[PDB]
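Sequences listed follow chains A, B, C, D and E, in order.
Quick note: the first sequence uses the UniProt record's numbering, first residue 189, plus one each step.
In terms of the UniProt record's numbering, the second sequence is residues 176 to 733, 739 to 784, 788 to 853.
In terms of the UniProt record's numbering, the third sequence is residues 2 to 110, 129 to 223, 233 to 291.
In terms of the UniProt record's numbering, the fourth sequence is residues 511 to 534, 657 to 703.
In terms of the UniProt record's numbering, the fifth sequence is residues 101 to 199, 260 to 433, 441 to 467, 498 to 763.
Backbone N, C-alpha and C fix where the C-beta goes; we use that ideal spot for every residue, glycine too.
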Amino acid sequence: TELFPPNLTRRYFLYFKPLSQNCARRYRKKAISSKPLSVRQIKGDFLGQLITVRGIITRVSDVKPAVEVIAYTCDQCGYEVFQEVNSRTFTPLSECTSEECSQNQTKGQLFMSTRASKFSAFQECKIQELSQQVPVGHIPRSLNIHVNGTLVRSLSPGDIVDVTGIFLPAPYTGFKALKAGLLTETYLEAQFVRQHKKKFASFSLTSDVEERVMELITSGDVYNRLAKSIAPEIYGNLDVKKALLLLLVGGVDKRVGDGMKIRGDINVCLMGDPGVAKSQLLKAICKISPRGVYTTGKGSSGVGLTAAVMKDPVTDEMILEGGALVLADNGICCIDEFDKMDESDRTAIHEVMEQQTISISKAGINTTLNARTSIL
Amino acid sequence: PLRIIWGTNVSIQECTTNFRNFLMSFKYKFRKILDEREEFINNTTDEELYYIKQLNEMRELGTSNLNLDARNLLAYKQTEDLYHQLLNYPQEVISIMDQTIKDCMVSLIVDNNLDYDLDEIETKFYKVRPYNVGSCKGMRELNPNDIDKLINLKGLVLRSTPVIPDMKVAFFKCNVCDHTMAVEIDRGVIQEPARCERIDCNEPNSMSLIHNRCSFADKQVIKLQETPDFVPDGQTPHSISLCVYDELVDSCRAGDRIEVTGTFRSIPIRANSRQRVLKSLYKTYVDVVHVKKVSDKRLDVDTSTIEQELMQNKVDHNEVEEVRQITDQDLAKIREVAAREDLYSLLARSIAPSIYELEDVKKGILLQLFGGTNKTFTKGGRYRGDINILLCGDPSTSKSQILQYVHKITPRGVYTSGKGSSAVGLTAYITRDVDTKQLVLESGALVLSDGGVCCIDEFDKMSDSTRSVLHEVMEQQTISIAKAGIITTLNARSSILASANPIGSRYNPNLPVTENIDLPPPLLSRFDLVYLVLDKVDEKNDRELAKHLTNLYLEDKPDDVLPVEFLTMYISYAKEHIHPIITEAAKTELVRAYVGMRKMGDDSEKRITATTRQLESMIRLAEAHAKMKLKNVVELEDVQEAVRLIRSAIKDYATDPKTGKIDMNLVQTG
Amino acid sequence: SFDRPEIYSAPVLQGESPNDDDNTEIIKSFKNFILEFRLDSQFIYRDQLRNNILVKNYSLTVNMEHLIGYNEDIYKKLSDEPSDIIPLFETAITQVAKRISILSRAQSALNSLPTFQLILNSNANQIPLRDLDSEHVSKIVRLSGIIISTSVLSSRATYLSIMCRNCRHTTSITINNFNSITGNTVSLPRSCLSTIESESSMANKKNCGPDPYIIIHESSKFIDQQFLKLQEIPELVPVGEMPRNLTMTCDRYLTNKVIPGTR
Amino acid sequence: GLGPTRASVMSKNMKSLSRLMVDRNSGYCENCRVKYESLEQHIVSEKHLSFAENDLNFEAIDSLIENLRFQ
Amino acid sequence: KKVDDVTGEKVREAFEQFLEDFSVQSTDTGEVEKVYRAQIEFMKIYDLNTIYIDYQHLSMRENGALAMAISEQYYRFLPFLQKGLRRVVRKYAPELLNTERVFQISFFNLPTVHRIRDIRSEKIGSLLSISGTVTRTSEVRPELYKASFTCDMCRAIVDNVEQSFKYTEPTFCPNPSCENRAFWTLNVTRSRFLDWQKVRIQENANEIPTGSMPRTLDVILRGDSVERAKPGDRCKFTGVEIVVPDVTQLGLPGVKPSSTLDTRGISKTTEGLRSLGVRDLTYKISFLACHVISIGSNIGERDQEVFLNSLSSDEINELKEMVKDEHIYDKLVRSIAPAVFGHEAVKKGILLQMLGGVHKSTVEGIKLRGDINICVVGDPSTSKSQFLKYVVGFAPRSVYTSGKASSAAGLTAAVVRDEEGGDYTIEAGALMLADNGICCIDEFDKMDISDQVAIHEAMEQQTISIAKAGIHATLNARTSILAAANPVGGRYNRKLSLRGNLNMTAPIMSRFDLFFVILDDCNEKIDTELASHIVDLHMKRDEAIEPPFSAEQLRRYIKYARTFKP
Ligand SMILES: Nc1ncnc2c1ncn2[C@@H]1O[C@H](COP(=O)(O)OP(=O)(O)OP(O)(O)=S)[C@@H](O)[C@H]1O
Ligand SMILES: Nc1ncnc2c1ncn2[C@@H]1O[C@H](COP(=O)(O)OP(=O)(O)OP(O)(O)=S)[C@@H](O)[C@H]1O
Ligand SMILES: Nc1ncnc2c1ncn2[C@@H]1O[C@H](COP(=O)(O)OP(=O)(O)OP(O)(O)=S)[C@@H](O)[C@H]1O
Ligand SMILES: [Mg+2]
Ligand SMILES: [Mg+2]
Ligand SMILES: [Mg+2]
Ligand SMILES: [Zn+2]
Ligand SMILES: [Zn+2]
Ligand SMILES: [Zn+2]
Ligand SMILES: [Zn+2]
Ligand SMILES: [Zn+2]
């Protein structure tokens, strides 16, 4: 008999969680999978191994259906013919390869059946090593992360992340004249994702969280305790740190049935003499916040804050990529050196602090984009 | 036993019987019970068989389409399974629905013995359009397991490709004996004949395809800018491609907010033109089943802008509805509201209930929503009753919220910010299509706003080069492009609603009005109303303002004000069926007011001089006031109210005619 | 560095209605003929196949009159077009024989079962060697005579493994037709098959050349083939005319069954 | 067993679905023009009970009843 | 034997009876003249190629079956009509047979005129009438009509091969010397060609929907219809909706139809040593017109003799009556821009601009401009744009442009690329779309400096130079300019000169003959009269407009007066 193979009957996706460093310390095990590497440290000797990379996510593609096996129907014999796909491109089948058609003189014609075929939710992400991992005088490089199955939408741009996956080679992409032998591209088939900063929307009232929360409540004076611990090595500025804590928490977003909205986020300005450690406060606040962005006033231009229209080649479509006010959406945008900015960024932030959107009407796009940033 | 289609859980017999029972035995009171609305059940409409009378009027009118609400399937007990089968397997369940609709059309005259012939009905191909299939989850939150499911989406149309012929029947001709055959398309593939079908002529490769004899069908591709209800953290908006077929072609225009329900599809794309090699990553699109262009939350589209489009809708039998159907009961309700003595204050109060006071501002917004009358000269001229309003004022005067409300209430406006917009981005531009890799035309903000209101926030921050585009829009309601690929006049009959601050970011009484506004004279004169909305510090005004913004926070979900649905349908009816005209009594008032303002402008720039455009603004405002009260003629009191609104907008009573300055404590009443 | 994608099939729908001239239906009818034929009270062909499996004789002997008795349509298809129908009946024998072999050695306590040979005999009218005409070409003929010479056993190739000279591409050619003479109806491919197959994702202009395959003889399989010369009966020959003869080719279990001089 | 009347001609998509089918008291009410799984469930249904309480569709019957009362 | 088309032959019979039977009554006398035999006789003495058939004449036959057959299946029945016309002209005027002469049937007076966006796929291969504005005209090119081939190995010549759209080679090879069909070689000298033009048309500005951009269509003219359409005019094309292969639909979403070879009756053997031909079915709608007529670009030839020959007796009598009037100049001034009150000097200037001066060339070679360029400057809301609206809605060969919506290429000429190919084409700019007309440019002040430079160059030499890409061209742009400008600072400063009030450069200013500074003065009488005029306009529309002359008689007088060279 020819049965449907097991591969066409899985409803589950299987992933590898790396061993924790503490459990390795208990049991005298030394594993290469547990230790976070940088992109520079991931060499050709790690191919095929389950390894963990630490870094920032810079690019996330849209979720697309990548076909793993293609299903065809034959009207001549009634069989379903499945051809596997393990490459970026494939050639479709025309004549039926089932036993009944293979033996028969007349060959049937195969038609694609997209409901009977197997797809994976596919995303390609770019990971870049942190500034603490870049050596002296070097430019950060990038690594490609392949996300398939359930793990999609677990990576977003601007996330410090430990990604554990299988380091696998791919066919060479580049000029044919520059290759020497069997050159291969590289990627990381993602198996596990650990966020350094957990998202506020991802918070769940689990059992283990409750005793820590109740311990902090029973310790008392949580307002003053959380205020003065924001930047413990910055002396004084108790009320400044209190309003920075209120910046981190924020108020209640209000919606009325008429349709108008009142924002709940708080915007805080620190204007002061030089040497009052306000840049240290900005660094501390949007290092504490899970979705914080630090920005120097002339370091970001008008296109570097609102939006830019550019092409994604993996999904092959012309997409809008936001600036710092998009990367800090549902977070805090740290805008250092506020008084030395241009009028373009001032107008963009001027619209952001009230309507929480940016409207772009240019030669490329006519759109509005959500930016619910709290601005420091 | 019972047969099931492979890959599904769908039985043709079971689904046919269930949907037939649903069509024969549905009442809209079931929808009332399902939506937890018991007190709104009425005897005369809910207890009538809904789809029976809808299929009857479908028979009388020659309509071949049934618009089916999927929530109604959940209202009925027996079709609650079928609802899921409509969402999971639209491709065959829709065909089952079409077949049983045809059966029901036969049955309604077979059983009841009507005089209609069966041949015309059974020749017709009835098809169903399901809509309201569920929650509007985003495109980017969908998964490959959602392929070939019914999905509902919000969006704005950016552009549409021309009519594309997709080939349904193929016509092959023999070269030597001129014998022809016609072959049907089968799942996108046409079998070309290797040998001639004739017994006498069997020559190989003698069949050639004649491209003009073979039959085609309409296919159009529309680029839709999606506006999800929920947007994840840092999600930047995208454009989808949606394919409409047959009747639905050219039913969506560029710049309209629509409700697309369709099928989630995925196809592989060829990597090269010469090769048949396909890409493993698939391209997703929506195969559109039904388009809803009407929301009860917002106004209907202006009928004066789509007259030939409505005629083409009638010709093509696309029969997608553009305006709300007004019944008799709600029409009588519209008249009894229109006869109320305080109708003007009632309608102005019902504009923005969350915005406190600004009564004259709301009255002007109401009159801009109504609009003046549109007059088409037989010689060829055209006058458009579009009211332009500038709101200049101190910060935090709820004016940006007024722009947000107007943007939500208008059918096809565009919200823009000062200097976040460019001159090219307001009119038209050349873009690169991702699909065809071709240079395509795409409409700017002002052209996309035709038939609606263009809201421009921070009008003072806009650069003068960008600001120069608006002149032709406010004077002729057109934009005349002479660029590299475009030499044409585009209709932009959009009402400009702008917001601005003074130079010092706060109004200065020591400075005059014109210096405070900081707009050039050929620009400011095009505005029908200029509102100086100032923040005066009072006891009672601050107390009531604080109470108004503070009662909003009493509960999580917060006189007499009309509901937004009734307000929208009232304004839609008044715009569609009421065209007031000027009488001689109104003419005398208009002329006397214009000469009075010109005489007042004689005194010695520092003050806003009277303008011919101010006479035209008075005419348009009086026409909008007459259109409000459902009068077909403009009386004298309409002109007096227009003059009062114009004078109170700029606060002419407060200002000194000589110096041009405005006092605060003396004349102004908060 | 990915693997070759594999293609598999699974029967779901009924498909188009079967036709009698289809190869699958001919194979099924032949299989039912083998399994269901009774001479007096016994399945003679089923028992013969089992006994031949026990003695490692991978062939079946079938009488042609039994095919007349069972189904005339497959009989006339076999008679008119033997080179298309004989491999189908051999495939039917092999499908029955694998089923018999698996159920035999696992109950009466790796194994490769080759394609079975069709030997078919009949008692129909024997046309003489002088009345062979062009109407008998590619037809099954019954004809009598005497045997003059039997040739030595030549070795024909059934299963042969080939390897490319420099490309190192490994391929296998299976042959089930050895009964042709003076010509290679199956030959090694003219060019390397690694390019057209595209089995490797990397796909490492490189051409391997004309006829680049060599036969790995240690992993190839062979059968025996013999040439016989059949003369007409010298008792019935015209006085002034030389007797006429034919060359015959036999293979597999038909070889070494006769000696020269037998009738 | 009256059954419900149906259209003469079937659709091409409907005929295409016949090739895709595999395997996994009752009657028809002409008053409500629906099939029912059981009669006693069709008796307790909003359309049948709403049809029963209405008397304007048995008017001819009513006239006949009146005539047959005074024969 | 070939199979015949019974309905096609009866359409041929009905058409050849129509060509000899149809007749109308004479207007002047009442005689019965058969107009199509007269048309054939007219073609006989001038050796014409095209026969013009009115569609209303064809609709009168039978109950309308023949006209409906021609309308729905024009592509199928066109060769049958051609051979029917061939038979009729053979019976009547055989001299047209010899020169074989190709004939073209042009249909006109179709009952309905379709928009560009109303074109649907159900009308492919059907007779149609559309309208549009011509933007690009290609040059006349030969099209392979009757190809003559020579076989590669038999090497005998064969001629008169049918050519239908895509290039085809015969597979008959009637000589019995060789045995293959596919291999042939074209003889371009011996083969026959027809004229061919691809003119691109755009949706008319009144027909564009509310938010959408105009969409274009490539209509192809053949034979005598070639070069009957000019860049920038409104033409009504009657023809057939055809379909043309398009390759750019590969990336489009949806199932693209494809064609593969059916293999069911082909015997095969697995001898060994599996390729098939599959080809895409992707297309775009095009048009093939047999009749081109140019309706006026207005809402409603230099020699005078040809103009007065065109007019009939009644309108030439009306023109003579207009000429004879002694107060004609005042009536001409009062008839210009009736919606505008006052500003008689601007109306005089507009009239003189629409008339213009003579063009003179000296013996040295320099050209003296006869075109009058007028700039209207003044205070806001002085009806300075109403004049431009009147000139564009009235004057022939007039275009309207805004200052900021302008461009250097859009006003003069553009070098453009189609389908990302190696071919570069020329878009005619606004100055050439108004050639021997008026280019009306509102907000000349808001125009940037580069476009002002590119337009005063075309005011200097009255020509346009192109050197972009591989295209070097000299283009004719002799055009009067009606500019509207606002002063710097908004209002007009009386204390400053005209140069100080305007940012328009000195080369721009030096070539404007008239500078009309129209100003607002506040006095009760004229403000009251102007307000009364405007409210009467709003009340009465066309009833409030009572000019001395209507637009059509004004245009006839202007076109008559432009023939004079004072
Ligand atoms: N209150 C403070 N407590 C501790 N360290 C401080 C304090 N104020 C200043 N410093 C130190 O002085 C330096 C201040 O650096 P910054 O953060 O750049 O201050 P600043 O206010 O941002 O200066 P700018 O850029 O001119 S506004 C750091 O080295 C701080 O550690
Ligand atoms: N009179 C009012 N009625 C209701 N809400 C008000 C009023 N005045 C201020 N607000 C609210 O106060 C906030 C101020 O934002 P906006 O008034 O929208 O800003 P703005 O008036 O446009 O002035 P800008 O942004 O500086 S140009 C909003 O949440 C308003 O809803
Ligand atoms: N003198 C006038 N005679 C007739 N109509 C006038 C006059 N002045 C103004 N109008 C009318 O008032 C309106 C003025 O519109 P426009 O002609 O666009 O103003 P404008 O003269 O172009 O000034 P700018 O430069 O555009 S601000 C139009 O409806 C005119 O018909
Ligand atoms: Mg600092
Ligand atoms: Mg604001
Ligand atoms: Mg103007
Ligand atoms: Zn098959
Ligand atoms: Zn033929
Ligand atoms: Zn090789
Ligand atoms: Zn019932
Ligand atoms: Zn030849």
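Kindly confirm or deny that the region 478-489 of chain A and the region 536-543 of chain A touch, where touching means at least three C-beta pairs closer than 8 Å. Counting C-beta pairs with one atom in each stretch, the region 478-489 of chain A and the region 536-543 of chain A have fewer than three that are closer than 8 Å, which means they do not touch.
Neighbourhood of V251/A by C-beta distance below 6 Å, restricted to the same chain and skipping five residues each side: By one-based count along the first sequence, residue 251/A stands at place 63. Listed in chain order, the non-local C-beta contacts of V251/A below 6 Å within the same chain comprise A309, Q311 and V340, local neighbours out to five positions each way being set aside.
Runs of beta strand (DSSP E) wholly within the region 686-744 of chain E (minimum 3 residues, chain order): List check, beta strand (DSSP E) in window: 711-715.
Residues sharing a beta bridge with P206/A, DSSP: Position 18 of the first sequence, counted from the first residue, corresponds to residue 206/A. Listed as beta-bridge partners of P206/A by DSSP are no residues whatsoever.
Please state if the CB of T411/B and the CB of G510/A are separated by a distance shorter than 8 Å. Within the first sequence, residue 510/A is the residue found at index 322, counting from 1. Within the second sequence, residue 411/B is the residue found at index 236, counting from 1. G510/A is a Cβ neighbour of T411/B, given a cutoff of 8 Å.
Considering only the beta carbon of each residue, do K385/A and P462/A sit closer than 8 Å? Residue mapping note: residue 385/A aligns to position 197 of the first sequence, counting from 1. Residue mapping note: residue 462/A aligns to position 274 of the first sequence, counting from 1. For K385/A and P462/A, no; Cβs fall outside 8 Å.
Check whether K343/B and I385/B have beta carbons under 8 Å apart: The residue labelled residue 343/B in the question sits at position 168 within the second sequence. The residue labelled residue 385/B in the question sits at position 210 within the second sequence. Contact flag unset, no.
Output, in chain order, the set of chain A residues within a Cβ distance shorter than 9 Å of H413/B. Taking the first residue of the second sequence as position 1, residue 413/B is located at position 238. In chain order: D250, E505, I507 and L508.
Residues of chain A with a CB under 7 Å from the CB of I194/C: which are they? Position 175 of the third sequence, counting from 1, holds the residue named residue 194/C. One finds nothing in chain A with a Cβ atom closer than 7 Å to the Cβ of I194/C; even the nearest lies about 18 Å away.
Grab the span of the alpha helix (DSSP H) containing residue 767/E for me, first residue to last. The question about residue 767/E has no answer here: the residues shown for chain E are numbered 101 through 763.
Residues of chain E with CB under 7 Å from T480/B, in chain order? Locating residue 480/B in the second sequence gives position 305, counting from the first residue. The contacting residues are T370.
Comparing the CB of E378/B with every heavy atom of ligand 8, is any distance shorter than 7 Å? Position 203 of the second sequence, counted from the first residue, corresponds to residue 378/B. Relative to ligand 8, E378/B has its C-beta within less than 7 Å of a heavy atom.
Neighbouring residues, chain A, relative to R362/B (Cβ below 7 Å): Taking the second sequence and counting its residues from 1, one reaches residue 362/B at position 187. Ordered by position in chain A, the residues that pass the 7 Å Cβ test against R362/B are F299.
How big is the Cα-Cα spacing for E640/E and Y306/B? The residue you call residue 640/E lines up with position 443 of the fifth sequence. The residue you call residue 306/B lines up with position 131 of the second sequence. The C-alpha of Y306/B is placed about 49 Å away from the C-alpha of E640/E.
Inspect the CB distances between the region 197-214 of chain A and the region 277-288 of chain A and report whether three or more fall short of 8 Å. No: fewer than three Cβ pairs fall under 8 Å.
Which residue comes first and which comes last in the beta strand (DSSP E) that contains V532/D? Your numbering for residue 532/D matches position 22 in the fourth sequence. For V532/D, the uninterrupted beta strand (DSSP E) segment begins and ends at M531 to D533.
Between which two residues does the beta strand (DSSP E) holding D524/A run? Residue 524/A sits at position 336 when you count from the first residue of the first sequence. From DSSP, the beta strand (DSSP E) with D524/A extends over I520 to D524.
Express the C-alpha separation of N274/A and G607/E in angstroms, rounding to a whole number. Against the fifth sequence, residue 607/E aligns to sequence position 410. Against the first sequence, residue 274/A aligns to sequence position 86. When rounded, the distance between both Cα atoms is 51 Å.
For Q366/B, does the three-state DSSP call read helix, strand or coil? Against the second sequence, residue 366/B aligns to sequence position 191. In the three-state scheme derived from DSSP, where H, G and I count as helix and E and B as strand, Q366/B is classed as strand.
Alpha carbon to alpha carbon, how far is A304/A from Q264/A? Give it in angstroms, no decimals. On the first sequence, position 76 is the one that residue 264/A refers to. On the first sequence, position 116 is the one that residue 304/A refers to. If you take the alpha carbons of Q264/A and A304/A, they lie about 18 Å apart.
Counting only Cβ pairs nearer than 7 Å, list the residues of chain E close to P697/B. Walking along the second sequence from the start, residue 697/B turns up at place 522. The contacting residues are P577, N683 and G687.
I'd like to confirm the pairing. Which residues does DSSP put opposite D350/A in its beta bridges? Here the question's residue 350/A lines up with position 162 in the first sequence. According to DSSP, which records beta bridges pairwise, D350/A is partnered with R242/A and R382/A.
Evaluate contact between the region 399-410 of chain A and the region 357-369 of chain A, counting only Cβ atoms and requiring at least three cross-stretch pairs below 8 Å. Judged by Cβ distances under 8 Å, the region 399-410 of chain A makes no contact with the region 357-369 of chain A, as fewer than three pairs qualify.
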